[PDB]
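A.B. asks:
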Amino acid sequence: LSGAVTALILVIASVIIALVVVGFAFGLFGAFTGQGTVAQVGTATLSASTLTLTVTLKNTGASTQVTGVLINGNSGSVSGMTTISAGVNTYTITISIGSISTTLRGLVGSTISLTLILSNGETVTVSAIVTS
Amino acid sequence: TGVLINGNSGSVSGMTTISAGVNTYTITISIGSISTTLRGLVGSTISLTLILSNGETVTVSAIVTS
Amino acid sequence: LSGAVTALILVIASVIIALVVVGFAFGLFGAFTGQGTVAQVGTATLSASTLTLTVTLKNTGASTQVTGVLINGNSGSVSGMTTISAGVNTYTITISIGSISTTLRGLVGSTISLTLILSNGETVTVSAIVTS
Amino acid sequence: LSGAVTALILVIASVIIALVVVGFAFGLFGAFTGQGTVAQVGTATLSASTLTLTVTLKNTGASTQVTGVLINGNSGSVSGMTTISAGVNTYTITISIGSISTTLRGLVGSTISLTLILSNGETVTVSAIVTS
Amino acid sequence: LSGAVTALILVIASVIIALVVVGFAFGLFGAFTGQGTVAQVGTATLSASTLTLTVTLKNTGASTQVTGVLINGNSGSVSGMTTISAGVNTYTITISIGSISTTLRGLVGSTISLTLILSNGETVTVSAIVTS
Amino acid sequence: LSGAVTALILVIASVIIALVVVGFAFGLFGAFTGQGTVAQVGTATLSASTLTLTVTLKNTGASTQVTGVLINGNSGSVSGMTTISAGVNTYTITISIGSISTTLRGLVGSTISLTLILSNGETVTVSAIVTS
Numbered sequence: 001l002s003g004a005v006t007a008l009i010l011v012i013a014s015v016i017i018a019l020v021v022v023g024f025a026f027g028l029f030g031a032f033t034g035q036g037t038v039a040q041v042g043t044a045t046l047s048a049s050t051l052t053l054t055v056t057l058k059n060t061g062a063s064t065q066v067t068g069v070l071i072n073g074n075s076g077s078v079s080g081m082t083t084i085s086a087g088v089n090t091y092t093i094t095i096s097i098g099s100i101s102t103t104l105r106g107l108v109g110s111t112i113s114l115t116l117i118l119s120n121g122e123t124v125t126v127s128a129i130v131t132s
Numbered sequence: 067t068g069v070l071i072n073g074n075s076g077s078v079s080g081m082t083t084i085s086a087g088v089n090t091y092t093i094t095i096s097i098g099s100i101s102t103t104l105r106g107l108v109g110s111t112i113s114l115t116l117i118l119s120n121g122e123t124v125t126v127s128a129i130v131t132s
Numbered sequence: 001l002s003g004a005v006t007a008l009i010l011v012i013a014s015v016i017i018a019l020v021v022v023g024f025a026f027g028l029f030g031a032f033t034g035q036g037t038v039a040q041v042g043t044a045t046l047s048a049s050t051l052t053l054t055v056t057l058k059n060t061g062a063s064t065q066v067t068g069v070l071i072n073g074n075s076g077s078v079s080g081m082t083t084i085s086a087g088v089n090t091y092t093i094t095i096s097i098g099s100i101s102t103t104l105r106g107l108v109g110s111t112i113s114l115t116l117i118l119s120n121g122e123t124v125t126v127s128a129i130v131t132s
Numbered sequence: 001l002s003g004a005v006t007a008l009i010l011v012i013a014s015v016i017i018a019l020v021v022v023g024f025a026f027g028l029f030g031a032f033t034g035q036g037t038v039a040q041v042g043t044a045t046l047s048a049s050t051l052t053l054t055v056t057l058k059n060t061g062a063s064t065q066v067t068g069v070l071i072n073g074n075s076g077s078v079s080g081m082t083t084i085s086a087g088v089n090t091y092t093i094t095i096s097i098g099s100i101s102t103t104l105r106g107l108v109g110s111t112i113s114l115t116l117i118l119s120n121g122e123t124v125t126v127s128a129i130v131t132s
Numbered sequence: 001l002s003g004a005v006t007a008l009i010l011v012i013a014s015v016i017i018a019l020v021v022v023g024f025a026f027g028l029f030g031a032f033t034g035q036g037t038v039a040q041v042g043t044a045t046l047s048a049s050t051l052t053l054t055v056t057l058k059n060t061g062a063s064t065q066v067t068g069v070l071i072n073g074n075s076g077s078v079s080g081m082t083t084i085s086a087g088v089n090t091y092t093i094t095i096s097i098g099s100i101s102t103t104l105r106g107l108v109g110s111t112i113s114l115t116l117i118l119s120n121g122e123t124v125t126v127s128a129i130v131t132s
Numbered sequence: 001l002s003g004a005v006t007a008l009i010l011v012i013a014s015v016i017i018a019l020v021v022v023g024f025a026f027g028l029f030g031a032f033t034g035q036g037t038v039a040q041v042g043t044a045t046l047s048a049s050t051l052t053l054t055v056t057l058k059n060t061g062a063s064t065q066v067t068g069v070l071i072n073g074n075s076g077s078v079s080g081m082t083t084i085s086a087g088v089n090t091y092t093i094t095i096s097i098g099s100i101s102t103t104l105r106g107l108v109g110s111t112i113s114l115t116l117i118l119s120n121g122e123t124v125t126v127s128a129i130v131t132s
């Protein structure tokens with residue numbers, strides 16, 4: 001008689017566990033779909049006298065952060081408008097590096113490529129015109 | 067039961083009932099902040115999620131128009 | 001007995017999930033195909049006395065917008081016919097920059113290159129004759 | 001009952017592995033963006049009496065090295081200012097070849113083309129005026 | 001009573017097997033990452049009188065071997081510095097083909113392209129100047 | 001006792017199914033490799049008086065067919081040597097269009113570009129000299 005009791009107990013436990021796994025899979029779907037996709041929608045302007053990056057970013061996911069910046073050699077901090085809203089927006093970020101100060105002064109008018117290290121593990125490649 | 071756009075989850079207010087077969091549904095979404103946020107994405111692609119009553123989430127791709 | 005129940009539950013869940021993924025992939029196809037492709041089909045005219053750009057644009061995709069303009073140094077707003085219908089059309093856009101006013105007055109008759117920053121993340125390179 | 005346990009074990013392992021791969025891909029992005037781009041921004045001067053190359057180089061990436069030089073026939077070593085900082089800078093490199101000594105003495109005033117072999121796998125083509 | 005005994009036996013077997021599979025997957029990751037990446041970081045020199053290839057190779061993976069060479073028509077053996085250490089290094093490889101002897105003697109000064117067949121399944125394309 | 005029976009039944013069924021899938025994948029490999037690659041290996045001659053295309057085609061795959069032709073405006077049928085053997089061969093195809101008759105008569109000596117729509121879904125771009 002114990003055999004059928006064990007059979008039912010195991011059947012119901014397996015059903016509960018399978019439903020848990022399926023719910024987890026669909027939660028993973030919904031979470032990865034809306035994780036946050038940040039890209040560039042136009043050229044940036046890198047003021048070399050003040051070292052200020054004005055960039056237009058498009059974010060069609062969750063509201064992420066800007067944790068770091070990667071310029072030619074050094075990775076520097078950021079000190080302005082770190083919060084990336086959703087949609088398309090123009091952000092004005094003040095970059096802080098030790099050595100790059102006055103290094104760009106000899107590049108006014110030329111193009112440059114930066115990287116933005118976001119909080120959600122994504123890195124964004126940015127193109128900019130160096131100005132003064 | 068619900069919709070999931072870039073940041074926020076919002077209610078739906080139309081044709082919530084999914085009949086069987088293939089059908090074209092016109093769902094009115096309601097979020098507080100996303101109002102006028104998509105106005106700068108006209109023409110671009112976007113990805114949404116639909117939270118159904120049977121525990122299944124459906125991933126949808128959409129073109130943003132105006 | 002529970003093993004086969006679990007097996008069928010997982011099989012059906014996997015079928016549902018795979019169908020969801022395939023539908024999403026084909027939706028992505030159809031969405032990226034008709035996202036909006038804007039190009040130039042003839043030289044533009046940049047009136048320097050009024051700073052007005054008359055340009056013929058071809059758009060074989062979705063109806064986009066014109067968010068910004070990029071002239072030699074500055075990025076400026078636009079204040080006319082920002083909506084790009086489908087097909088080939090002649091648009092008359094009034095550009096607004098602070099300093100470029102009366103700067104092109106010494107370029108009448110010469111060629112120039114502008115950029116149009118569209119709402120769908122695309123930038124269009126435009127060539128124009130500067131007139132007055 | 002074991003089926004669903006195995007299913008969740010594999011699901012979580014797959015999520016971990018996929019996240020690892022995605023992080024690696026974005027790291028590759030960030031690394032290749034700032035790998036180091038060196039070009040020339042003005043004519044060089046090749047002193048043929050002392051065989052010294054004075055060249056103005058622009059480097060908008062990581063700080064690379066100058067490992068070799070390639071003049072008409074021979075590849076020779078360099079013995080000065082091997083380190084290329086970031087930005088635009090004027091470098092005075094002392095080249096050393098066995099045979100080219102006194103060979104350029106018959107080219108004073110004419111043009112010549114060199115190659116620079118950098119540490120980051122990139123070769124830079126340089127143009128120079130031979131002087132004395 | 002046997003049902004639950006079988007259930008636990010199968011559960012522990014499944015956990016052991018899944019852990020084996022996951023460990024094997026991560027080992028595959030670590031192994032394919034450091035398998036050996038060999039490329040060229042500067043033009044090679046192909047001495048046509050002695051038929052000797054002086055080439056600068058960059059290898060950022062495991063220490064591979066040079067098993068064969070592929071010149072214009074024929075694949076030939078190699079007889080020197082077959083072992084590719086890690087890093088950037090200058091290798092002097094003596095090639096041996098029966099027919100190509102004295103064939104390059106009419107190509108001095110021109111450019112040529114060779115292939116190196118490595119031990120780790122990778123073929124490396126090399127560009128060289130033919131000298132004498 | 002039923003649990004282990006179920007486990008082995010599912011194990012053998014899964015092994016059979018996995019082997020079926022792997023066999024199908026390798027069949028897909030072998031089938032896509034030898035599908036038929038048709039290209040041009042020399043200029044074609046388009047006789048405008050008789051409207052006859054003499055073209056040398058190279059096909060290193062399966063023996064495909066020529067289902068249609070695409071000339072400047074119209075898509076026309078073919079009425080000769082529709083079968084493409086393997087190897088390099090010179091084919092003489094009689095094209096049939098309603099309007100193009102006597103239209104090429106004003107292009108004798110000039111170059112033109114055609115398209116061949118093959119049976120295997122591949123289109124081949126051809127260049128031809130218009131003759132008479």
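Residue numbers (the entry's author numbering), protein chains in the order written: chain K, 1 to 132; chain S, 67 to 132; chain E, 1 to 132; chain C, 1 to 132; chain I, 1 to 132; chain G, 1 to 132. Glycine included, C-beta positions come from ideal geometry on N, C-alpha and C.
Considering only C-alpha positions, which residue in the set I:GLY23, I:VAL20, I:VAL38 and I:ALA18 is nearest to I:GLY87?
C.D. replies: One-based indexing of the fifth sequence puts residue 87 of chain I at position 87. Residue I:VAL38 is the option with its Cα nearest to I:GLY87.
A.B. asks: Verify the CB distance criterion: does C:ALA7 have a CB-CB separation below 8 Å to chain E?
C.D. replies: Position 7 of the fourth sequence, counting from 1, holds the residue named residue 7 of chain C. Closer than 8 Å: yes.
A.B. asks: Counting contacts by CB-CB distance shorter than 8 Å, is K:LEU10 in contact with chain E?
C.D. replies: The residue you call residue 10 of chain K lines up with position 10 of the first sequence. By this cut-off, K:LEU10 is an interface position.
A.B. asks: If contact means a Cβ-Cβ distance below 9 Å, which residues of the segment 85-103 of chain I contact chain C?
C.D. replies: For the segment 85-103 of chain I, which is checked against every Cβ of chain C, the residues closer than 9 Å are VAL88.
A.B. asks: What does DSSP give as the partner residues of C:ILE129 in its beta bridges?
C.D. replies: Here residue 129 of chain C refers to the residue found at position 129 when the fourth sequence is read from its first residue. The partner list for C:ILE129 (beta bridge, DSSP) reads C:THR45 and C:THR111.
A.B. asks: Return the bridge partner residues of K:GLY61 from the DSSP annotation.
C.D. replies: Here residue 61 of chain K refers to the residue found at position 61 of the first sequence. Its beta-bridge partners do not exist; DSSP assigns none.
A.B. asks: Would a check of beta-carbon distances place K:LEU51 closer than 8 Å to chain C?
C.D. replies: For the purposes of this step, residue 51 of chain K is identified with residue 51 of the first sequence, where counting begins at 1. So, not an interface residue.
A.B. asks: Can you give the Cα-Cα distance for I:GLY106 and C:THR82, rounded to whole angstroms?
C.D. replies: In the fifth sequence, residue 106 of chain I corresponds to position 106, counting from 1. In the fourth sequence, residue 82 of chain C corresponds to position 82, counting from 1. Taking the straight line from one Cα to the other gives about 37 Å.
A.B. asks: Against chain E, which members of the segment 99-129 of chain S pass a CB distance test of less than 9 Å?
C.D. replies: Correct list: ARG105, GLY106, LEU107, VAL108, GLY109, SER110, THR111, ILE112, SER113, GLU122, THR123, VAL124, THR125, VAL126, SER127, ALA128 and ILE129.
A.B. asks: Need the endpoints of the beta strand (DSSP E) that C:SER77 sits in, please.
C.D. replies: Start at 1 with the first residue of the fourth sequence, and residue 77 of chain C comes out as number 77. First-last of the beta strand (DSSP E) with C:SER77: 75-78.
A.B. asks: Under the assumption that G:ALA7 contacts I:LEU10 (Cβ atoms under 8 Å), give the Cβ distance between them as a whole number of angstroms.
C.D. replies: Within the sixth sequence, the letter at position 7 stands for residue 7 of chain G. Within the fifth sequence, the letter at position 10 stands for residue 10 of chain I. Indeed, because the Cβ distance is near 6 Å, the residues count as touching under 8 Å.
A.B. asks: Tell me which same chain residues have a C-beta within less than 7 Å of the C-beta of E:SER79, skipping the five on either side of it?
C.D. replies: Within the third sequence, numbered from 1, the residue matching residue 79 of chain E stands at position 79. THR94 and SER96, listed in sequence order.
A.B. asks: Are the C-beta atoms of E:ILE17 and some chain K residue less than 8 Å apart?
C.D. replies: One-based indexing of the third sequence puts residue 17 of chain E at position 17. With 8 Å as the cut-off, E:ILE17 counts as an interface residue toward chain K.
A.B. asks: Looking at C-alpha atoms only, which residue of K:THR102, K:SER77 and K:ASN72 is the closest neighbour of K:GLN65?
C.D. replies: For the purposes of this step, residue 65 of chain K is taken as residue 65 along the first sequence, with counting starting at 1. Considering only alpha carbons, the answer is K:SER77.
A.B. asks: Mind checking who G:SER96 pairs with in its DSSP beta bridge?
C.D. replies: For the purposes of this step, residue 96 of chain G is taken as residue 96 along the sixth sequence, with counting starting at 1. BP columns for G:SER96 point to G:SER77.
A.B. asks: Which partner residues does E:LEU104 have in the DSSP bridge list?
C.D. replies: Stepping through the third sequence from its first residue, residue 104 of chain E is reached at position 104. BP columns for E:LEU104 are empty, so no partner.
A.B. asks: With which residues is S:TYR91 paired in a DSSP beta bridge?
C.D. replies: Numbered from 1 along the second sequence, position 25 holds the residue referred to as residue 91 of chain S. The partner list for S:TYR91 (beta bridge, DSSP) is empty, contrary to what the question assumes.
A.B. asks: Going by C-alpha to C-alpha distance, which of E:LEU70, E:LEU104 and E:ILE129 sits closest to E:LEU118?
C.D. replies: Residue 118 of chain E sits at position 118 when you count from the first residue of the third sequence. Closest option to E:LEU118, Cα to Cα, is E:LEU70.
A.B. asks: Under 7 Å Cβ to Cβ from E:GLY34, same chain only, skipping five residues before and after it: list those, please.
C.D. replies: Here residue 34 of chain E corresponds to residue number 34 of the third sequence, with the count starting at 1. Within the same chain, E:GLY34 has close Cβ partners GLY61 and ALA62.
A.B. asks: Whole angstroms is fine: what's the gap from C:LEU114's alpha carbon to C:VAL126's?
C.D. replies: Counting from 1 along the fourth sequence, the entry for residue 114 of chain C is found at position 114. Counting from 1 along the fourth sequence, the entry for residue 126 of chain C is found at position 126. The straight-line gap from Cα to Cα measures roughly 5 Å.
A.B. asks: What's the gap between the Cα of C:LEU1 and the Cα of G:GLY3?
C.D. replies: Here residue 1 of chain C is taken as the residue at index 1 of the fourth sequence, counted from 1. Here residue 3 of chain G is taken as the residue at index 3 of the sixth sequence, counted from 1. Cα-Cα distance, rounded: 9 Å.
A.B. asks: Could you tell me whether the Cβ of C:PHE26 comes closer than 8 Å to any Cβ of chain K?
C.D. replies: By 1-based counting over the fourth sequence, the position of residue 26 of chain C is 26. C:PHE26 counts as touching chain K.
A.B. asks: Which whole runs of the alpha helix (DSSP H) in the segment 1-55 of chain G are 4 residues long or more, in chain order?
C.D. replies: DSSP runs (the alpha helix (DSSP H)) wholly in the segment 1-55 of chain G: 2-33.
A.B. asks: Report the rounded CA-to-CA distance for I:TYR91 versus I:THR54, giving the unit in angstroms.
C.D. replies: Start at 1 with the first residue of the fifth sequence, and residue 91 of chain I comes out as number 91. Start at 1 with the first residue of the fifth sequence, and residue 54 of chain I comes out as number 54. If I take the Cα positions, the gap works out to 6 Å.
A.B. asks: With a cut-off of 8 Å, does the C-beta of C:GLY36 fall near any C-beta of chain I?
C.D. replies: Reading the fourth sequence from its first residue, position 36 is the one you call residue 36 of chain C. Answer no: the Cβ-Cβ gap between C:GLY36 and chain I never drops below 8 Å.
A.B. asks: Compare the beta carbon distance of E:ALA48 and E:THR131 with 8 Å and say whether it is the shorter of the two.
C.D. replies: What you label residue 48 of chain E is simply residue 48 of the third sequence in a count that begins at 1. What you label residue 131 of chain E is simply residue 131 of the third sequence in a count that begins at 1. Closer than 8 Å, so yes.
A.B. asks: Using a Cβ-Cβ cut-off of 8 Å (strictly less than) and excluding sequence neighbours within five positions of G:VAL124, which residues of its own chain qualify?
C.D. replies: Position 124 of the sixth sequence, counted from the first residue, corresponds to residue 124 of chain G. Hits under 8 Å: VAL38, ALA39, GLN40, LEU57, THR115, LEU116 and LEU118.
A.B. asks: Can you have a look at G:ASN74 and say buried or exposed, based on whether 16 or more other CB atoms are within 10 angstroms of its CB?
C.D. replies: Sequence index remark: in the sixth sequence, residue 74 of chain G carries index 74 (1-based). That one is exposed.
A.B. asks: Note down, in chain order, every chain S residue with its Cβ under 9 Å from the Cβ of E:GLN65.
C.D. replies: As a first step, residue 65 of chain E must be located in the third sequence, where it is residue number 65. What E:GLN65 touches in chain S: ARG105, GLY106, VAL108, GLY109 and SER132.
A.B. asks: Would you kindly work out how many angstroms separate the C-alpha atoms of K:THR52 and K:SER101, rounded to a whole number?
C.D. replies: Here the question's residue 52 of chain K lines up with position 52 in the first sequence. Here the question's residue 101 of chain K lines up with position 101 in the first sequence. In a straight line, the C-alpha of K:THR52 is about 11 Å away from that of K:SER101.
A.B. asks: What residues of chain S sit near E:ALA39, judged by a beta carbon separation below 9 Å?
C.D. replies: Locating residue 39 of chain E in the third sequence gives position 39, counting from the first residue. Under the 9 Å cutoff, chain S gives no residues; its nearest Cβ is about 14 Å from E:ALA39.
A.B. asks: Can you check whether the C-beta of C:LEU57 is within less than 8 Å of a C-beta belonging to chain I?
C.D. replies: Within the fourth sequence, residue 57 of chain C is the residue found at index 57, counting from 1. Output row for C:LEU57: interface = no.
A.B. asks: Note down, in chain order, every chain K residue with its Cβ under 8 Å from the Cβ of S:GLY73.
C.D. replies: On the second sequence, residue 73 of chain S is found 7 positions in, with the first residue counted as 1. Under the 8 Å cutoff, chain K gives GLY34, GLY61, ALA62, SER63 and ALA86.
A.B. asks: Can you tell me whether E:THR50 is buried or exposed, with buried defined as 16 or more other CB within 10 angstroms of its CB?
C.D. replies: By one-based count along the third sequence, residue 50 of chain E stands at place 50. Answer is exposed; the Cβ neighbour count stays below 16.
A.B. asks: What does K:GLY23 touch in chain S if you count any residue whose Cβ is under 8 Å from its own?
C.D. replies: Taking the first sequence and counting its residues from 1, one reaches residue 23 of chain K at position 23. What K:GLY23 touches in chain S: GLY121.
A.B. asks: Would DSSP call S:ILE117 helix, strand or coil?
C.D. replies: In the second sequence, residue 117 of chain S corresponds to position 51, counting from 1. Note: S:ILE117 maps to strand in three-state DSSP.
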